């Protein structure tokens, strides 16, 4: 069972400026509170392969993903390659829509399922399948909100600060 979630927020910054914020993955470490570290492993026109260090209920976790960036639509399609230990699949999109000249509807979606139990009955040697399912939802819920708000806050900081006065 693949789960689909979407969250949104309204940002008082133009879409082009929100896009600049989304596109700058290395800046995620400075603005995303649960994001410790970001490495660009590979990169070219229209894509970034990235390794992430992020916490998943109280501790630092690692995974890799491909980002495909569509500046004209202002969509970033992400997909995990090497998955978090309780993650079987994880992908989704950041979308910045134009609401008017100065405001953006910002969307982040998640398509995800937990890793299957191993031969010991547990997911990643620790969790019951039911407990891994509920921890993955709680983590997506929590980081979705914190991520959307971190982007909004940084876009509005640049309008106030970086623009003026």
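Residue numbers count along the first chain shown, from 1.
- Stretches 61-69 and 35-43 differ in mean C-alpha B factor, with the higher average recorded for 35-43.
- Taking the PDB entry as given, 52-60 carries the higher mean Cα B factor of the two stretches 118-126 and 52-60.
- In the deposited coordinates, the residue among 138, 107, 29, 99 with the greatest CA B-factor is 29.
- When all modelled residues of the chain are sorted by CA temperature factor, residue 1 is found within the highest third.
- In the PDB entry, a CA B factor belonging to the lowest third of its chain's modelled residues is recorded for residue 76.
- Annotation for residue 90: C-alpha temperature factor in the lowest third relative to the rest of the modelled chain, per the entry.
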